[PDB]
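Have a look at final-v6.cif below; it lists mmCIF, C-alpha atoms and all ligand atoms.
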data_work
loop_
_atom_site.label_atom_id
_atom_site.label_comp_id
_atom_site.auth_asym_id
_atom_site.auth_seq_id
_atom_site.Cartn_x
_atom_site.Cartn_y
_atom_site.Cartn_z
CA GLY H 33 -99.41 38.89 -8.58
CA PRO H 34 -99.21 42.21 -10.49
CA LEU H 35 -98.90 42.07 -14.27
CA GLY H 36 -95.61 43.58 -15.40
CA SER H 37 -94.84 44.91 -18.86
CA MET H 38 -92.82 42.85 -21.32
CA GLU H 39 -90.95 46.05 -22.18
CA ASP H 40 -89.69 46.34 -18.61
CA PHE H 41 -88.77 42.67 -18.55
CA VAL H 42 -86.72 42.85 -21.74
CA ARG H 43 -84.84 45.99 -20.69
CA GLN H 44 -84.09 44.62 -17.22
CA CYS H 45 -83.18 41.04 -18.11
CA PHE H 46 -81.18 41.33 -21.39
CA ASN H 47 -77.84 42.98 -22.05
CA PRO H 48 -78.28 46.40 -23.69
CA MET H 49 -76.29 45.17 -26.70
CA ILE H 50 -78.78 42.39 -27.29
CA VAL H 51 -81.74 44.71 -26.81
CA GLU H 52 -80.32 47.24 -29.28
CA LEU H 53 -79.64 44.59 -31.94
CA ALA H 54 -83.17 43.23 -31.48
CA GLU H 55 -84.73 46.67 -31.89
CA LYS H 56 -82.69 47.26 -35.02
CA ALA H 57 -83.76 43.91 -36.49
CA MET H 58 -87.46 44.49 -35.79
CA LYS H 59 -87.20 47.96 -37.36
CA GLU H 60 -85.62 46.55 -40.49
CA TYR H 61 -88.51 44.13 -40.86
CA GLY H 62 -91.11 46.79 -40.05
CA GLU H 63 -92.23 45.57 -36.64
CA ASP H 64 -92.55 47.88 -33.64
CA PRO H 65 -91.02 46.47 -30.43
CA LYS H 66 -93.45 48.51 -28.29
CA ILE H 67 -96.42 46.76 -29.93
CA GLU H 68 -95.12 43.31 -30.82
CA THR H 69 -93.68 42.85 -27.36
CA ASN H 70 -93.77 39.04 -27.11
CA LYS H 71 -91.91 39.12 -30.40
CA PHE H 72 -89.33 41.56 -29.10
CA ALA H 73 -88.73 39.22 -26.10
CA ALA H 74 -88.46 36.23 -28.48
CA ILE H 75 -85.95 38.02 -30.73
CA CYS H 76 -83.79 38.96 -27.72
CA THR H 77 -83.96 35.41 -26.42
CA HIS H 78 -83.00 33.90 -29.78
CA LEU H 79 -80.13 36.37 -30.24
CA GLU H 80 -78.86 35.59 -26.75
CA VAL H 81 -78.95 31.86 -27.48
CA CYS H 82 -76.95 32.43 -30.67
CA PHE H 83 -74.32 34.29 -28.66
CA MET H 84 -74.26 31.68 -25.90
CA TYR H 85 -73.91 28.88 -28.47
CA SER H 86 -70.73 30.62 -29.68
CA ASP H 87 -69.28 31.71 -26.35
CA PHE H 88 -66.09 30.09 -25.09
CA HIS H 89 -65.52 27.97 -28.19
CA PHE H 90 -62.24 28.35 -30.00
CA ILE H 91 -59.98 26.60 -32.43
CA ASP H 92 -56.48 26.16 -30.99
CA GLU H 93 -53.01 26.28 -32.56
CA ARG H 94 -53.29 22.65 -33.71
CA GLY H 95 -56.69 23.24 -35.31
CA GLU H 96 -58.64 21.39 -32.61
CA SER H 97 -61.79 22.78 -31.00
CA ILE H 98 -61.40 23.78 -27.35
CA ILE H 99 -63.29 25.55 -24.61
CA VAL H 100 -61.87 28.56 -22.76
CA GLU H 101 -64.19 29.93 -20.10
CA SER H 102 -61.68 32.37 -18.61
CA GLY H 103 -61.69 36.01 -19.68
CA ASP H 104 -58.47 35.82 -21.68
CA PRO H 105 -58.16 33.47 -24.67
CA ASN H 106 -54.47 33.30 -25.75
CA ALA H 107 -53.98 35.52 -28.80
CA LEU H 108 -53.44 32.58 -31.24
CA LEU H 109 -56.94 31.15 -30.65
CA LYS H 110 -59.58 31.46 -33.34
CA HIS H 111 -63.30 31.72 -32.62
CA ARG H 112 -64.93 28.47 -33.62
CA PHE H 113 -68.15 30.13 -34.75
CA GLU H 114 -69.00 33.02 -37.03
CA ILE H 115 -72.17 34.79 -35.82
CA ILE H 116 -74.48 35.80 -38.67
CA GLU H 117 -77.61 36.69 -36.70
CA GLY H 118 -77.55 40.24 -35.32
CA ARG H 119 -75.92 41.72 -38.42
CA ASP H 120 -77.85 43.94 -40.83
CA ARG H 121 -78.78 42.41 -44.19
CA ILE H 122 -75.84 43.74 -46.19
CA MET H 123 -73.20 42.75 -43.61
CA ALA H 124 -74.81 39.38 -42.94
CA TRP H 125 -74.72 38.41 -46.63
CA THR H 126 -71.21 39.86 -46.91
CA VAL H 127 -70.09 37.45 -44.15
CA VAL H 128 -71.97 34.47 -45.62
CA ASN H 129 -70.54 35.12 -49.12
CA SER H 130 -67.02 35.31 -47.73
CA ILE H 131 -67.42 32.00 -45.92
CA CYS H 132 -68.91 30.33 -48.97
CA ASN H 133 -66.51 31.40 -51.68
CA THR H 134 -63.73 30.52 -49.22
CA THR H 135 -64.65 27.20 -47.62
CA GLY H 136 -66.38 25.96 -50.74
CA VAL H 137 -69.55 25.50 -48.67
CA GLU H 138 -72.62 26.21 -50.75
CA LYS H 139 -74.69 29.38 -50.32
CA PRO H 140 -77.79 29.09 -48.20
CA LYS H 141 -81.03 30.55 -49.61
CA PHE H 142 -81.92 32.20 -46.27
CA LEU H 143 -79.56 33.82 -43.76
CA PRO H 144 -78.54 31.21 -41.16
CA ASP H 145 -77.56 32.03 -37.57
CA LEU H 146 -73.99 30.72 -37.25
CA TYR H 147 -71.16 29.12 -39.16
CA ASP H 148 -69.20 26.35 -37.47
CA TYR H 149 -65.57 26.25 -38.57
CA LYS H 150 -64.98 22.84 -36.91
CA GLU H 151 -67.91 21.02 -38.51
CA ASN H 152 -67.71 23.18 -41.64
CA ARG H 153 -71.44 23.97 -41.81
CA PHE H 154 -73.98 26.73 -41.28
CA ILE H 155 -76.33 26.41 -38.32
CA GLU H 156 -79.91 27.55 -37.93
CA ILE H 157 -80.79 28.04 -34.26
CA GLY H 158 -84.36 27.83 -33.13
CA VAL H 159 -85.95 28.64 -29.82
CA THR H 160 -89.53 27.51 -29.37
CA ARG H 161 -92.30 27.64 -26.80
CA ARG H 162 -93.89 24.65 -28.59
CA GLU H 163 -92.84 21.01 -29.07
CA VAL H 164 -89.31 20.89 -30.51
CA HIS H 165 -90.22 18.29 -33.15
CA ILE H 166 -92.99 20.43 -34.62
CA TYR H 167 -90.74 23.45 -34.79
CA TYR H 168 -87.86 21.39 -36.19
CA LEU H 169 -90.01 20.27 -39.12
CA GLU H 170 -91.13 23.86 -39.75
CA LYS H 171 -87.52 25.09 -39.97
CA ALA H 172 -86.46 22.16 -42.13
CA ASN H 173 -89.30 22.65 -44.60
CA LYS H 174 -88.47 26.35 -44.81
CA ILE H 175 -84.80 26.04 -45.73
CA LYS H 176 -84.26 22.55 -47.23
CA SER H 177 -80.75 23.79 -48.08
CA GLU H 178 -79.98 20.49 -46.39
CA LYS H 179 -76.41 21.38 -45.72
CA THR H 180 -77.58 23.77 -43.00
CA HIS H 181 -77.63 22.15 -39.61
CA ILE H 182 -80.67 22.79 -37.43
CA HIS H 183 -80.54 22.95 -33.62
CA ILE H 184 -83.77 23.64 -31.72
CA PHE H 185 -84.07 24.52 -28.02
CA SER H 186 -87.29 24.73 -26.03
CA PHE H 187 -87.95 26.58 -22.80
CA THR H 188 -88.55 23.29 -20.96
CA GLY H 189 -85.16 21.74 -21.78
CA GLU H 190 -85.94 19.61 -24.83
CA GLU H 191 -83.66 19.82 -27.86
CA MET H 192 -83.79 18.51 -31.40
CA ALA H 193 -80.94 18.64 -33.88
CA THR H 194 -80.29 17.42 -37.40
CA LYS H 195 -79.25 13.75 -37.55
CA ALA H 196 -79.21 13.66 -33.72
CA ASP H 197 -75.95 15.60 -34.00
CA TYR H 198 -75.91 18.18 -31.20
CA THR H 199 -72.59 19.88 -32.10
CA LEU H 200 -71.76 21.05 -28.57
CA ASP H 201 -70.91 19.33 -25.27
CA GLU H 202 -73.62 18.85 -22.63
CA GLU H 203 -72.26 21.63 -20.39
CA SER H 204 -72.56 24.26 -23.15
CA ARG H 205 -76.10 23.25 -23.99
CA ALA H 206 -76.90 23.15 -20.27
CA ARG H 207 -75.89 26.83 -19.98
CA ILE H 208 -78.38 27.69 -22.69
CA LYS H 209 -81.15 25.59 -21.16
CA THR H 210 -80.51 27.12 -17.72
CA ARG H 211 -80.80 30.61 -19.23
CA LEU H 212 -84.08 29.72 -20.98
CA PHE H 213 -85.46 28.34 -17.73
CA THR H 214 -84.45 31.55 -15.97
CA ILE H 215 -86.19 33.65 -18.60
CA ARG H 216 -89.37 31.53 -18.30
CA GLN H 217 -89.36 31.68 -14.49
CA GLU H 218 -88.87 35.47 -14.41
CA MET H 219 -91.62 36.07 -16.98
CA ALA H 220 -93.84 33.81 -14.92
CA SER H 221 -93.14 35.85 -11.75
CA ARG H 222 -94.32 38.91 -13.69
CA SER H 223 -97.37 37.05 -15.07
CA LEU H 224 -96.01 37.41 -18.63
CA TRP H 225 -95.30 33.77 -19.45
CA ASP H 226 -98.71 32.29 -20.28
CA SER H 227 -99.32 34.89 -22.97
CA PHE H 228 -95.75 34.78 -24.24
CA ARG H 229 -96.00 30.99 -24.63
CA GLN H 230 -99.38 31.11 -26.41
CA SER H 231 -98.34 33.89 -28.79
CA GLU H 232 -95.87 31.87 -30.86
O1 LIG H 301 -83.21 37.63 -38.91
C1 LIG H 301 -84.38 38.19 -38.44
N1 LIG H 301 -85.55 37.92 -39.03
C2 LIG H 301 -86.70 38.46 -38.59
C3 LIG H 301 -86.70 39.30 -37.49
BR1 LIG H 301 -88.35 40.10 -36.83
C4 LIG H 301 -85.51 39.60 -36.84
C5 LIG H 301 -84.34 39.03 -37.34
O2 LIG H 301 -83.15 39.31 -36.72
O1 LIG H 302 -83.04 32.96 -37.06
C1 LIG H 302 -84.08 33.57 -36.44
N1 LIG H 302 -84.18 34.90 -36.46
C2 LIG H 302 -85.17 35.53 -35.83
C3 LIG H 302 -86.13 34.81 -35.12
BR1 LIG H 302 -87.56 35.76 -34.20
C4 LIG H 302 -86.06 33.41 -35.07
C5 LIG H 302 -85.01 32.80 -35.75
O2 LIG H 302 -84.86 31.43 -35.73
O1 LIG H 303 -80.35 40.15 -37.07
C1 LIG H 303 -80.48 41.38 -37.67
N1 LIG H 303 -79.82 42.42 -37.15
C2 LIG H 303 -79.90 43.64 -37.68
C3 LIG H 303 -80.69 43.86 -38.79
BR1 LIG H 303 -80.78 45.64 -39.55
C4 LIG H 303 -81.40 42.80 -39.36
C5 LIG H 303 -81.29 41.55 -38.78
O2 LIG H 303 -81.99 40.50 -39.33
MN MN H 304 -62.44 37.21 -29.21
MN MN H 305 -81.64 38.81 -38.21
MN MN H 306 -81.51 34.05 -37.97
MN MN H 307 -82.73 31.08 -35.91
#
Could you rewrite the structure in this file as structure tokens?
Ligand SMILES: O=c1[nH]cc(Br)cc1O
Ligand SMILES: O=c1[nH]cc(Br)cc1O
Ligand SMILES: O=c1[nH]cc(Br)cc1O
Ligand SMILES: [Mn+2]
Ligand SMILES: [Mn+2]
Ligand SMILES: [Mn+2]
Ligand SMILES: [Mn+2]
Amino acid sequence: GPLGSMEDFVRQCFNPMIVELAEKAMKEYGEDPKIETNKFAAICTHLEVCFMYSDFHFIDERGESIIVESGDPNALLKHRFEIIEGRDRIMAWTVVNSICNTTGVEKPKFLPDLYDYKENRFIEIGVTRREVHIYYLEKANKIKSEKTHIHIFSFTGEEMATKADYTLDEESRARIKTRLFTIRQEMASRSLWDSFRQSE
């Protein structure tokens, strides 16, 4: 088949909000999305997974975690997760500091992806085109904050999480895995996958 451009793929297959946040992040770190294109797709993918991990998860009036998949959550519901990824540096640390000095949870050395108000911990999300165990160890060795929970997804459906604690129900994680499989399949139709996989 014809070889498509990763640029076209990203713009067609991700929400404009996600694409814009990804471009802003790459700029901040001095990478050009029109040149590091496999990286731009990876950043979008990771951001989307962070959002999906958060979606539909609330804390109810009794303080219990619940799932609301309709469009309207009753006004008394609280989002279960704080999303750190996607924010610029200053705002991201502002949010982390607020959580920390409030909940008593200790300050991570690197910006994590999420904070879980049910489990009372930061989460680092990872999305890998390689074996989940290898990537898990890489993340763990990088942060070693060792209060930060790590949850790794691969494009082929494997997961690895700290202490075999997967935080979410199967259905939620299935949504994420389905999305990753969709991304892989579409890239493959455009002959973009092989190179995207090998670039990590
Ligand atoms: O948190 C980030 N680190 C590095 C890159 Br490139 C993009 C991010 O959002
Ligand atoms: O937290 C992350 N930020 C950006 C990238 Br690319 C990967 C991450 O795990
Ligand atoms: O995730 C990010 N979003 C925006 C900026 Br600027 C930097 C990030 O790491
Ligand atoms: Mn809301
Ligand atoms: Mn970021
Ligand atoms: Mn992050
Ligand atoms: Mn991450």
Set the cut-off to 10 Å, count only C-alpha atoms and all ligand atoms, and list whatever residues fall near ligand MN 304 (chain H) as a PDB file with C-alpha atoms, in the coordinates of the input.
ATOM      1  CA  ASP H  87     -69.280  31.710 -26.350  1.00  0.00           C
ATOM      2  CA  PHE H  88     -66.090  30.090 -25.090  1.00  0.00           C
ATOM      3  CA  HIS H  89     -65.520  27.970 -28.190  1.00  0.00           C
ATOM      4  CA  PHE H  90     -62.240  28.350 -30.000  1.00  0.00           C
ATOM      5  CA  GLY H 103     -61.690  36.010 -19.680  1.00  0.00           C
ATOM      6  CA  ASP H 104     -58.470  35.820 -21.680  1.00  0.00           C
ATOM      7  CA  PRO H 105     -58.160  33.470 -24.670  1.00  0.00           C
ATOM      8  CA  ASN H 106     -54.470  33.300 -25.750  1.00  0.00           C
ATOM      9  CA  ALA H 107     -53.980  35.520 -28.800  1.00  0.00           C
ATOM     10  CA  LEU H 109     -56.940  31.150 -30.650  1.00  0.00           C
ATOM     11  CA  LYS H 110     -59.580  31.460 -33.340  1.00  0.00           C
ATOM     12  CA  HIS H 111     -63.300  31.720 -32.620  1.00  0.00           C
TER      13      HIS H 111
END
Excluding residue H:44 and its own-chain neighbours fewer than 6 positions away, which residues fall within 12 Å of it when counting all atoms listed in the file? Please give them as number ranges by chain. H: 36-38, 50-51, 73, 76, 215, 218-219
Dump as CSV the rows for residues of chain H within 10 Å of ligand LIG 302 (chain H): closest atom pair and distance in Å with one decimal, all atoms listed in the file counted, ordered by chain and rising residue number.
residue,atom,partner,partner_atom,distance
H:54,CA,H:LIG302,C2,9.1
H:57,CA,H:LIG302,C2,8.5
H:58,CA,H:LIG302,BR1,8.9
H:70,CA,H:LIG302,BR1,10.0
H:71,CA,H:LIG302,BR1,6.7
H:72,CA,H:LIG302,BR1,7.9
H:73,CA,H:LIG302,BR1,8.9
H:74,CA,H:LIG302,BR1,5.8
H:75,CA,H:LIG302,BR1,4.4
H:76,CA,H:LIG302,BR1,8.2
H:77,CA,H:LIG302,BR1,8.6
H:78,CA,H:LIG302,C4,6.1
H:79,CA,H:LIG302,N1,7.6
H:82,CA,H:LIG302,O1,8.8
H:116,CA,H:LIG302,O1,9.2
H:117,CA,H:LIG302,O1,6.6
H:118,CA,H:LIG302,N1,8.6
H:142,CA,H:LIG302,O1,9.3
H:143,CA,H:LIG302,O1,7.6
H:144,CA,H:LIG302,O1,6.3
H:145,CA,H:LIG302,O1,5.6
H:146,CA,H:LIG302,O1,9.3
H:155,CA,H:LIG302,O1,9.5
H:156,CA,H:LIG302,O1,6.3
H:157,CA,H:LIG302,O2,5.5
H:158,CA,H:LIG302,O2,4.5
H:159,CA,H:LIG302,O2,6.6
H:160,CA,H:LIG302,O2,8.8
H:167,CA,H:LIG302,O2,10.0
H:171,CA,H:LIG302,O2,8.1
H:182,CA,H:LIG302,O2,9.8
H:183,CA,H:LIG302,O2,9.7
H:184,CA,H:LIG302,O2,8.8
H:232,CA,H:LIG302,BR1,9.8
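With distances taken over all atoms listed in the file, H:55 is the one residue among H:93, H:55, H:39, H:197 lying closest to ligand MN 305 (chain H).
Atom CA of residue H:94 sits 28.0 Å away from atom CA of residue H:81.
Across the structure, atom CA of residue H:213 and atom CA of residue H:41 are spaced 14.7 Å apart.
With distances restricted to only C-alpha atoms, H:152 is the closest residue to residue H:131 from H:161, H:119, H:208, H:152.
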Atom CA of residue H:149 to atom CA of residue H:114, straight-line distance in Å: 7.7 Å
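If only C-alpha atoms and all ligand atoms are the atoms counted, then among H:85, H:46, H:125, H:228 the closest residue to ligand LIG 303 (chain H) is H:125.
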When distances are computed from only C-alpha atoms, which of H:34, H:136, H:189, H:95 shows the smallest separation from residue H:206? H:189
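Each of H:115, H:98, H:212, H:137 was compared to ligand LIG 301 (chain H) using only C-alpha atoms and all ligand atoms, and H:115 turns out to be the nearest.
Distances from H:200, H:164, H:35, H:100 to residue H:188 were compared using all atoms listed in the file, and the smallest one belongs to H:164.
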Please, what is the axis-aligned box for every listed atom of ligand LIG 303 (chain H) with 5 Å on each side, as centre and edge lengths in Å to one decimal, as lines of an AutoDock Vina configuration file?
center_x = -80.9
center_y = 42.9
center_z = -38.3
size_x = 12.2
size_y = 15.5
size_z = 12.5
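Residues surrounding residue H:178 within 10 Å are residues 140, 172 and 194 of chain H [only C-alpha atoms; sequence separation below 6 positions excluded].
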Give me stretch 58-100 of chain H from this structure - N, CA and C atoms, as a PDB file, in the first residue's frame.
ATOM      1  N   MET H  58       6.125  19.258  23.087  1.00  0.00           N
ATOM      2  CA  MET H  58       7.336  19.070  22.297  1.00  0.00           C
ATOM      3  C   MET H  58       8.105  20.380  22.139  1.00  0.00           C
ATOM      4  N   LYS H  59       7.389  21.477  21.929  1.00  0.00           N
ATOM      5  CA  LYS H  59       8.015  22.791  21.812  1.00  0.00           C
ATOM      6  C   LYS H  59       8.776  23.136  23.081  1.00  0.00           C
ATOM      7  N   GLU H  60       8.147  22.877  24.219  1.00  0.00           N
ATOM      8  CA  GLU H  60       8.745  23.252  25.495  1.00  0.00           C
ATOM      9  C   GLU H  60      10.071  22.529  25.665  1.00  0.00           C
ATOM     10  N   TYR H  61      10.129  21.299  25.163  1.00  0.00           N
ATOM     11  CA  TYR H  61      11.310  20.462  25.332  1.00  0.00           C
ATOM     12  C   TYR H  61      12.258  20.549  24.134  1.00  0.00           C
ATOM     13  N   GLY H  62      11.922  21.422  23.188  1.00  0.00           N
ATOM     14  CA  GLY H  62      12.780  21.729  22.056  1.00  0.00           C
ATOM     15  C   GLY H  62      12.799  20.704  20.941  1.00  0.00           C
ATOM     16  N   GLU H  63      11.704  19.970  20.793  1.00  0.00           N
ATOM     17  CA  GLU H  63      11.574  18.990  19.720  1.00  0.00           C
ATOM     18  C   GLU H  63      10.541  19.482  18.719  1.00  0.00           C
ATOM     19  N   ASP H  64      10.805  19.255  17.440  1.00  0.00           N
ATOM     20  CA  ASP H  64       9.917  19.726  16.386  1.00  0.00           C
ATOM     21  C   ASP H  64       8.989  18.591  15.928  1.00  0.00           C
ATOM     22  N   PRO H  65       7.666  18.757  16.113  1.00  0.00           N
ATOM     23  CA  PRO H  65       6.757  17.666  15.741  1.00  0.00           C
ATOM     24  C   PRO H  65       6.764  17.328  14.249  1.00  0.00           C
ATOM     25  N   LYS H  66       7.252  18.216  13.388  1.00  0.00           N
ATOM     26  CA  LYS H  66       7.295  17.902  11.955  1.00  0.00           C
ATOM     27  C   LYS H  66       8.531  17.102  11.552  1.00  0.00           C
ATOM     28  N   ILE H  67       9.422  16.883  12.509  1.00  0.00           N
ATOM     29  CA  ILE H  67      10.678  16.176  12.284  1.00  0.00           C
ATOM     30  C   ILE H  67      10.656  14.922  13.152  1.00  0.00           C
ATOM     31  N   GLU H  68      10.424  15.067  14.455  1.00  0.00           N
ATOM     32  CA  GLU H  68      10.298  13.884  15.289  1.00  0.00           C
ATOM     33  C   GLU H  68       8.829  13.477  15.262  1.00  0.00           C
ATOM     34  N   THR H  69       8.454  12.781  14.200  1.00  0.00           N
ATOM     35  CA  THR H  69       7.039  12.522  13.960  1.00  0.00           C
ATOM     36  C   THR H  69       6.551  11.291  14.694  1.00  0.00           C
ATOM     37  N   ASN H  70       7.396  10.269  14.805  1.00  0.00           N
ATOM     38  CA  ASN H  70       7.046   9.078  15.590  1.00  0.00           C
ATOM     39  C   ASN H  70       6.912   9.446  17.066  1.00  0.00           C
ATOM     40  N   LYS H  71       7.640  10.466  17.451  1.00  0.00           N
ATOM     41  CA  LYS H  71       7.624  10.981  18.811  1.00  0.00           C
ATOM     42  C   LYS H  71       6.361  11.779  19.092  1.00  0.00           C
ATOM     43  N   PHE H  72       5.993  12.604  18.134  1.00  0.00           N
ATOM     44  CA  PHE H  72       4.734  13.328  18.159  1.00  0.00           C
ATOM     45  C   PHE H  72       3.585  12.304  18.268  1.00  0.00           C
ATOM     46  N   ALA H  73       3.536  11.255  17.453  1.00  0.00           N
ATOM     47  CA  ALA H  73       2.459  10.265  17.595  1.00  0.00           C
ATOM     48  C   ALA H  73       2.482   9.593  18.983  1.00  0.00           C
ATOM     49  N   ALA H  74       3.675   9.295  19.492  1.00  0.00           N
ATOM     50  CA  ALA H  74       3.798   8.675  20.818  1.00  0.00           C
ATOM     51  C   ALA H  74       3.309   9.591  21.947  1.00  0.00           C
ATOM     52  N   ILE H  75       3.620  10.875  21.851  1.00  0.00           N
ATOM     53  CA  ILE H  75       3.177  11.849  22.847  1.00  0.00           C
ATOM     54  C   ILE H  75       1.648  11.960  22.842  1.00  0.00           C
ATOM     55  N   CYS H  76       1.054  12.060  21.654  1.00  0.00           N
ATOM     56  CA  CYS H  76      -0.408  12.090  21.533  1.00  0.00           C
ATOM     57  C   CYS H  76      -1.036  10.856  22.155  1.00  0.00           C
ATOM     58  N   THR H  77      -0.471   9.696  21.830  1.00  0.00           N
ATOM     59  CA  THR H  77      -0.990   8.421  22.291  1.00  0.00           C
ATOM     60  C   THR H  77      -0.959   8.371  23.817  1.00  0.00           C
ATOM     61  N   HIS H  78       0.193   8.719  24.390  1.00  0.00           N
ATOM     62  CA  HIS H  78       0.374   8.715  25.837  1.00  0.00           C
ATOM     63  C   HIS H  78      -0.581   9.697  26.526  1.00  0.00           C
ATOM     64  N   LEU H  79      -0.753  10.881  25.951  1.00  0.00           N
ATOM     65  CA  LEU H  79      -1.650  11.872  26.523  1.00  0.00           C
ATOM     66  C   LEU H  79      -3.078  11.311  26.483  1.00  0.00           C
ATOM     67  N   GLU H  80      -3.454  10.730  25.353  1.00  0.00           N
ATOM     68  CA  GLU H  80      -4.797  10.170  25.231  1.00  0.00           C
ATOM     69  C   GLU H  80      -5.046   9.082  26.279  1.00  0.00           C
ATOM     70  N   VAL H  81      -4.044   8.243  26.513  1.00  0.00           N
ATOM     71  CA  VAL H  81      -4.176   7.181  27.499  1.00  0.00           C
ATOM     72  C   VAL H  81      -4.360   7.779  28.889  1.00  0.00           C
ATOM     73  N   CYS H  82      -3.618   8.832  29.207  1.00  0.00           N
ATOM     74  CA  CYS H  82      -3.783   9.508  30.489  1.00  0.00           C
ATOM     75  C   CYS H  82      -5.226   9.990  30.657  1.00  0.00           C
ATOM     76  N   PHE H  83      -5.770  10.608  29.614  1.00  0.00           N
ATOM     77  CA  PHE H  83      -7.147  11.086  29.662  1.00  0.00           C
ATOM     78  C   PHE H  83      -8.137   9.930  29.809  1.00  0.00           C
ATOM     79  N   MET H  84      -7.934   8.873  29.038  1.00  0.00           N
ATOM     80  CA  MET H  84      -8.836   7.726  29.095  1.00  0.00           C
ATOM     81  C   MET H  84      -8.806   7.029  30.453  1.00  0.00           C
ATOM     82  N   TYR H  85      -7.654   7.061  31.104  1.00  0.00           N
ATOM     83  CA  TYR H  85      -7.448   6.408  32.401  1.00  0.00           C
ATOM     84  C   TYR H  85      -8.284   7.092  33.491  1.00  0.00           C
ATOM     85  N   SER H  86      -8.466   8.388  33.283  1.00  0.00           N
ATOM     86  CA  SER H  86      -9.233   9.309  34.121  1.00  0.00           C
ATOM     87  C   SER H  86     -10.716   9.310  33.817  1.00  0.00           C
ATOM     88  N   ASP H  87     -11.071   9.256  32.543  1.00  0.00           N
ATOM     89  CA  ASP H  87     -12.463   9.352  32.128  1.00  0.00           C
ATOM     90  C   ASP H  87     -13.386   8.403  32.887  1.00  0.00           C
ATOM     91  N   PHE H  88     -14.513   8.997  33.268  1.00  0.00           N
ATOM     92  CA  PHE H  88     -15.702   8.353  33.819  1.00  0.00           C
ATOM     93  C   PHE H  88     -15.504   7.901  35.257  1.00  0.00           C
ATOM     94  N   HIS H  89     -14.474   8.397  35.934  1.00  0.00           N
ATOM     95  CA  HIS H  89     -14.183   7.887  37.270  1.00  0.00           C
ATOM     96  C   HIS H  89     -14.368   9.033  38.226  1.00  0.00           C
ATOM     97  N   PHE H  90     -15.273   8.830  39.179  1.00  0.00           N
ATOM     98  CA  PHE H  90     -15.647   9.873  40.111  1.00  0.00           C
ATOM     99  C   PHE H  90     -15.657   9.346  41.517  1.00  0.00           C
ATOM    100  N   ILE H  91     -15.633  10.272  42.467  1.00  0.00           N
ATOM    101  CA  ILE H  91     -15.871   9.952  43.857  1.00  0.00           C
ATOM    102  C   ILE H  91     -17.249  10.504  44.218  1.00  0.00           C
ATOM    103  N   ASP H  92     -18.099   9.647  44.766  1.00  0.00           N
ATOM    104  CA  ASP H  92     -19.494   9.996  45.020  1.00  0.00           C
ATOM    105  C   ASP H  92     -19.681  10.698  46.363  1.00  0.00           C
ATOM    106  N   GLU H  93     -20.939  10.942  46.733  1.00  0.00           N
ATOM    107  CA  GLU H  93     -21.248  11.711  47.937  1.00  0.00           C
ATOM    108  C   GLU H  93     -20.834  10.980  49.214  1.00  0.00           C
ATOM    109  N   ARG H  94     -20.635   9.664  49.144  1.00  0.00           N
ATOM    110  CA  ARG H  94     -20.227   8.913  50.332  1.00  0.00           C
ATOM    111  C   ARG H  94     -18.708   8.755  50.370  1.00  0.00           C
ATOM    112  N   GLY H  95     -18.026   9.224  49.329  1.00  0.00           N
ATOM    113  CA  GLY H  95     -16.581   9.100  49.258  1.00  0.00           C
ATOM    114  C   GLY H  95     -16.105   7.847  48.550  1.00  0.00           C
ATOM    115  N   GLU H  96     -17.025   7.115  47.928  1.00  0.00           N
ATOM    116  CA  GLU H  96     -16.683   5.862  47.259  1.00  0.00           C
ATOM    117  C   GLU H  96     -16.433   6.117  45.774  1.00  0.00           C
ATOM    118  N   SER H  97     -15.504   5.377  45.177  1.00  0.00           N
ATOM    119  CA  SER H  97     -15.241   5.535  43.750  1.00  0.00           C
ATOM    120  C   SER H  97     -16.351   4.879  42.933  1.00  0.00           C
ATOM    121  N   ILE H  98     -16.808   5.580  41.900  1.00  0.00           N
ATOM    122  CA  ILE H  98     -17.834   5.075  41.002  1.00  0.00           C
ATOM    123  C   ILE H  98     -17.546   5.447  39.565  1.00  0.00           C
ATOM    124  N   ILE H  99     -18.263   4.786  38.667  1.00  0.00           N
ATOM    125  CA  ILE H  99     -18.091   4.996  37.245  1.00  0.00           C
ATOM    126  C   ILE H  99     -19.385   5.546  36.667  1.00  0.00           C
ATOM    127  N   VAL H 100     -19.278   6.672  35.971  1.00  0.00           N
ATOM    128  CA  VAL H 100     -20.418   7.290  35.309  1.00  0.00           C
ATOM    129  C   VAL H 100     -20.031   7.535  33.866  1.00  0.00           C
TER     130      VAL H 100
END
